[PDB]
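Q: Below you'll find the sequence and an experimental structure to go with it.
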Amino acid sequence: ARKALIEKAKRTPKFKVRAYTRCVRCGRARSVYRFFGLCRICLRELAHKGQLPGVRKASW
Amino acid sequence: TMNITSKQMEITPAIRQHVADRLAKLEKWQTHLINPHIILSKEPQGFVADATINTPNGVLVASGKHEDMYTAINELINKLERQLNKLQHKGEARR
Amino acid sequence: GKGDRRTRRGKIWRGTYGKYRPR
Amino acid sequence: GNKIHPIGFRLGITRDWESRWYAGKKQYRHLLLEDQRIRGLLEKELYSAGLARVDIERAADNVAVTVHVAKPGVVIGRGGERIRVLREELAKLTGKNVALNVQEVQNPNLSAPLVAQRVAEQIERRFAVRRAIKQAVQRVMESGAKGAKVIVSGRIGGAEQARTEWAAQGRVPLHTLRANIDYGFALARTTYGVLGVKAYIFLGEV
Amino acid sequence: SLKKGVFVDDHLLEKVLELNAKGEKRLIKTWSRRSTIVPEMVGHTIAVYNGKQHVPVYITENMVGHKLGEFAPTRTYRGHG
Amino acid sequence: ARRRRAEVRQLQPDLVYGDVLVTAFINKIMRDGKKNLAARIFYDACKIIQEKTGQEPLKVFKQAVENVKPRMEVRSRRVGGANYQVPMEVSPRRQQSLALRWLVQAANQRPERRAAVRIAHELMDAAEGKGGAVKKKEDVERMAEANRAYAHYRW
RNA sequence: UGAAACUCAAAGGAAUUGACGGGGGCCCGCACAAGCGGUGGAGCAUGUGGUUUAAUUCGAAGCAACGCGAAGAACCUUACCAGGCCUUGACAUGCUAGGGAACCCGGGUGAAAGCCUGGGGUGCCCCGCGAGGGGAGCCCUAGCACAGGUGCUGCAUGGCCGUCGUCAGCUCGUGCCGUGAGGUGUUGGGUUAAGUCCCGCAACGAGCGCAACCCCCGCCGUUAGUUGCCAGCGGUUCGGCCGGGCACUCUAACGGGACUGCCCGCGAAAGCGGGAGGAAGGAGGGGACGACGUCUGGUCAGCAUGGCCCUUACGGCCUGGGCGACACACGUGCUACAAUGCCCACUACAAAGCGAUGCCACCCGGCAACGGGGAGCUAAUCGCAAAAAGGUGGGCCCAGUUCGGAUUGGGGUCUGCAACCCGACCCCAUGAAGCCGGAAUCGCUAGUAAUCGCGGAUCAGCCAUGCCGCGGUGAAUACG
Ligand SMILES: [Mg+2]
Ligand SMILES: [Mg+2]
Ligand SMILES: [Mg+2]
Ligand SMILES: [Mg+2]
Ligand SMILES: [Mg+2]
Ligand SMILES: [Mg+2]
Ligand SMILES: [Mg+2]
Ligand SMILES: [Mg+2]
Ligand SMILES: [Mg+2]
Ligand SMILES: [Mg+2]
Ligand SMILES: [Mg+2]
Ligand SMILES: [Mg+2]
Ligand SMILES: [Mg+2]
Ligand SMILES: [Mg+2]
Ligand SMILES: [Mg+2]
Ligand SMILES: [Mg+2]
Ligand SMILES: [Mg+2]
Ligand SMILES: [Mg+2]
Ligand SMILES: [Mg+2]
Ligand SMILES: [Mg+2]
Ligand SMILES: [Mg+2]
Ligand SMILES: [Mg+2]
Ligand SMILES: [Mg+2]
Ligand SMILES: [Mg+2]
Ligand SMILES: [Mg+2]
Ligand SMILES: [Mg+2]
Ligand SMILES: [Mg+2]
Ligand SMILES: [Mg+2]
Ligand SMILES: [Mg+2]
Ligand SMILES: [Mg+2]
Ligand SMILES: [Mg+2]
Ligand SMILES: [Mg+2]
Ligand SMILES: [Mg+2]
Ligand SMILES: [Mg+2]
Ligand SMILES: [Mg+2]
Ligand SMILES: [Mg+2]
Ligand SMILES: [Mg+2]
Ligand SMILES: [Mg+2]
Ligand SMILES: [Mg+2]
Ligand SMILES: [Mg+2]
Ligand SMILES: [Mg+2]
Ligand SMILES: [Mg+2]
Ligand SMILES: [Mg+2]
Ligand SMILES: [Mg+2]
Ligand SMILES: [Mg+2]
Ligand SMILES: [Mg+2]
Ligand SMILES: [Zn+2]
């Protein structure tokens, strides 16, 4: 049970409870961000790459 | 009390009490053995036995490694004994 | 106290309102 | 197993973003998810071009989609035909106004992504890895830089035991906030497995 | 818990208000542990799923507000030692 | 303190008697940062220090502090196979710190229900030479003395 | 004086770079000491070892595994178990033999999945006034070629991370020394947070690390004002409310200021002590950053990837169970054992954030959770909002208590298709252990520990006492 999984989260099934964020890049269910569409890993890779608009290493 | 972790392996009540029995050798020194923890583990070369134990005079840590699991465990106790006799006799150089 | 649902301080910790910590 | 990404570490300082725009909550995800489809479409198709970096802009139903490159030819083509076959397919997914763009890169051997994917393809090509690495640095320093560093890791020359190969000339001070260090990464899938390549180019102080 | 509505699946609901109508039988197999025991069920043998087995429960007016699952428990325990 | 010497902070003098020794004390009464609390106790006690035994609560306080500060104490070294309790003089720094500490500590063991009373009474008695604190002093001091002959192992 | 059998792939000498010593010298770090608060005992929450189970999926393992992967396990998640189903597949590209396409709705049936089934009818390039027609959007069936696999190996791997360690180190070039490994430099004296810097020197330089360049805070300047203001007057329904103003406060962008630069003192210098001015001095405090390398560290279960393995099954859909089981054992934490406290009622003072099928003012029903209505706000202009400890004054009077709130009975609310297993909250009744904790053991040097509340991610709800942030009050001590 893996790639079939990412497909199963696409078309929205019987009840709306069954809604769960997966992520676009990796099929990761765990630690997906709503704002990015991303997991915490994928998020990191992209941010560091400079591909996330106005996203910067924080530091205060 | 004493805890044993068989990591990625199917262990048994019988061999568990065997390791409890081999560790009993350190009871010889008559010094409190506090929450001892052994970990048995496979490996392509052979088994691995680790243990980490604290005592009133310090802590014991050591790894046995060997083809036979039992000789790995023995090796582990052999290494532990040394460490224990050292914590017990070390400052006697008190001249 | 902080664990006792029936008190003010109780509800504050628990983050709720009721008879004992009203709105 | 320690080092911070030298691009991410300078975002806003020496270096700047490759997708530049503004959104806010309701549509960010989507905007963004577009870019990364665009990026995939491009990086695949536009592979043997060269390049490094794709800057991207947005206003409304307007994607500027800039592409810097090694040899612009494989984009523009004969009379500027294929530039348009792409300006199409982008737009087909973009569902909005695409502008396919080509900027040429100056000394493609001064660019990090570009130098690293050369040694990369050279490794897939079964070359002495240690020598491939000295050279790829040699080329950079010859065409100028204030220093240069290059890293391959994996079954180098196919060795059962993994190994990691390392070479550098001149300065590469990755602790300095104004480095202008261009860093880029490629990947060599060989008959035996994957090897990582990292290049570092010290262009100078800002 | 569960304020206004009385929840029975309207799948075993149907089954009980039919069997009662013509000549009332037994052996209704269900996997719904979520179903309340509604007074129209009072007396029957329903076969309830705990997940490896369909466990039969005679219904009695002793137990109504409950759920059909409560009487076919999910864990086999027996002890320690 | 491997490196240099460890600064002793000075302290804001208090807003009633304008004297550092009181705040240090109030600091020692304090619990979980609640300083306002730590204040009223001392002062309330000061009400009581005047009320009963009419006098100058400042005077009483500052007296029972000098009646507590230990002049000599033991600090134990390992030599050979035995740990010797060793006689050494306490710094004025340490005496203050030991003064205030035992005072409070012994105060809070009194049977009086209200904290400030406990503080009141312990101080009144220490002024006079009676109490848990004072004992601890005399005690520490007889434990020095009797070790007088370990005064050579002294740093 | 002096063998042999047998046996071994060595036994050795000197020197080298390390590691180590219950060897030495010097020197750092909450390493110890000084000191304040905990843990270990209690009840409960949470992970883990076990055992249990049809299954209790999986990984993580001394420090560096154990509120870790999980920044949200009722279904979903979900990788496991039981039963019911599907095969060219839930999914990619391509080729064909029939039909058709597209699309929306019931039915019969079943727990659902699935199986069986009654409908309407395709624009289009189009011989067309016609039957009809060709194509190809797109569906199906049949057939493949294939897909798919959270199946195995983190010692075959990339990538990213933990760690020694913010420790002061690790090296290269040429030269010199040694047959050589290798030395030198990098050592030495002195100083620094520092291979920091000074002075020596068969060495002279260079690089990766230190520092600095970046962010936050503290002081001042500018630019700027639908936030702030009787600072100013006027009005003032009394709300900075209107007028009016940017002085304030602020907000958020760009500057300035700290340099051991100045005085004394010492030194050969680097630099140490002391002084002045300054909001701030000796790295002003906090952050981001973490060398060559180590742990055959960690992850094939985020992703990727070699290789091995399964192809009506190790693939795929579903209903249900499980991941929450409980004789036990450990780890992290919550709330406590009370009077420096507990309870009631009135009354103050933040910061950072977050809000459109969201944040809900206010009105009403309700003891209440909540439920009705209902205004504002794409938000410095509305809302979450109450901050809490504190302040006031009243009760409690040392009692297992007006301490503590576990456990259980019963009655309700809300989310959700559904709260048996298994949610959170509210009310009534019940008020367990616990009187400060053995051996042992953790954190913290100042706006810190302790204590007090607030926000956020993830999220229908939530098992958050977790985590990441934010301010409030605010100590003790450091000989060494
Ligand atoms: Mg959900
Ligand atoms: Mg109570
Ligand atoms: Mg409390
Ligand atoms: Mg010899
Ligand atoms: Mg030798
Ligand atoms: Mg030594
Ligand atoms: Mg010597
Ligand atoms: Mg200590
Ligand atoms: Mg203590
Ligand atoms: Mg305890
Ligand atoms: Mg406990
Ligand atoms: Mg695994
Ligand atoms: Mg180890
Ligand atoms: Mg959770
Ligand atoms: Mg499940
Ligand atoms: Mg039916
Ligand atoms: Mg590894
Ligand atoms: Mg790895
Ligand atoms: Mg492993
Ligand atoms: Mg030579
Ligand atoms: Mg050499
Ligand atoms: Mg060295
Ligand atoms: Mg340092
Ligand atoms: Mg240097
Ligand atoms: Mg203005
Ligand atoms: Mg101005
Ligand atoms: Mg730095
Ligand atoms: Mg390993
Ligand atoms: Mg994988
Ligand atoms: Mg092969
Ligand atoms: Mg399922
Ligand atoms: Mg779990
Ligand atoms: Mg225990
Ligand atoms: Mg907890
Ligand atoms: Mg507004
Ligand atoms: Mg009782
Ligand atoms: Mg009571
Ligand atoms: Mg309860
Ligand atoms: Mg009940
Ligand atoms: Mg009792
Ligand atoms: Mg008592
Ligand atoms: Mg204690
Ligand atoms: Mg306490
Ligand atoms: Mg410190
Ligand atoms: Mg929530
Ligand atoms: Mg919270
Ligand atoms: Zn992802």
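A: Okay, I see it. Numbering: from 1, shown residues only, chains lettered A, B, ... in the order given. Ligands and ions are numbered 1, 2, ... in the order given.

Q: What is the longest helix along chain D packed up against?
A: In chain D, assigned by DSSP state H, the helix with the most residues is helix D:29-45. Judged by 3 or more C-beta pairs under 8 Å, 6 or more residues apart in numbering or on different chains; DSSP states H and E, the packing partners of helix D:29-45 are helix D:82-94. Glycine gets a C-beta too; all of them are placed from N, C-alpha and C.

Q: hey, where'd the strands end up in chain E?
A: Along chain E, the stretches classed as strands by DSSP state E are E:28-30, E:45-49, E:54-58.

Q: Up against ligand 47, what does chain A have?
A: Contact residues (C-beta under 5 Å from the ion) of chain A with ligand 47: A:23, A:25, A:26, A:28, A:39, A:42.

Q: Also near chain D: which of those residues, exactly?
A: residue A:25 (C-beta under 8 Å from any C-beta of the partner chain).

Q: Just send the residues of chain A next to ligand 47 back as CSV, with distance to residue D:18 and secondary structure too.
A: Shown next, in CSV, are these (distance: C-beta to C-beta, whole Å; DSSP: H, G, I helix; E, B strand; the rest coil):
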residue, distance to residue D:18, secondary structure
A:23, 21, coil
A:25, 17, coil
A:26, 21, coil
A:28, 24, coil
A:39, 21, strand
A:42, 16, helix
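
Q: what's the spacing between the closest residue to chain A within chain B and residue B:38?
A: Per C-beta to the nearest C-beta, residue B:8 is where chain B lies closest to chain A, at 22.3 Å. Distance, residue B:8 to residue B:38, using C-beta to C-beta, to the nearest Å: 15 Å.

Q: Which of these two has more residues huddled nearby?
A: The neighbour comparison of residue B:8 against residue B:38 (other C-beta atoms under 10 Å in any protein chain shown) goes to residue B:38, with 24 against 8.

Q: what comes up buried for the helix or strand hosting that one?
A: Assigned by DSSP states H and E, residue B:38 belongs to strand B:34-41. Across strand B:34-41, burial judged by 16 or more other C-beta atoms under 10 Å in any protein chain shown covers B:36, B:38, B:39, B:40, B:41.

Q: Look at residue 23 and say how many residues are nearby.
A: You didn't pick a chain, so chain A it is. 22.

Q: wait, I meant chain F there
A: Using other C-beta under 10 Å, residue F:23 has 21 other residues around it.

Q: Is it within a helix or a strand, and which one?
A: Short version, using DSSP H and E: residue F:23 is in helix F:20-29.

Q: Kindly report the same for residue B:22.
A: Short version, using DSSP H and E: residue B:22 is in helix B:13-22.

Q: Show me what that helix is packed up against.
A: By 3+ C-beta pairs under 8 Å, 6+ apart, helix B:13-22 packs against strand B:3-7, helix B:69-89.

Q: highest average neighbour count across the ones you listed?
A: helix B:69-89 (a mean of 17; mean count of other C-beta atoms under 10 Å in any protein chain shown).

Q: between that one and strand B:34-41, how big is the angle?
A: Helix B:69-89 runs at 150 degrees relative to strand B:34-41, counting by axes from the mean of the first three to the mean of the last three C-alpha atoms, to 10 degrees.

Q: does helix B:69-89 come close to RNA strand G?
A: Yes - Helix B:69-89 comes into contact with RNA strand G (C-beta under 7 Å from any atom of the strand), by way of B:86, B:89.
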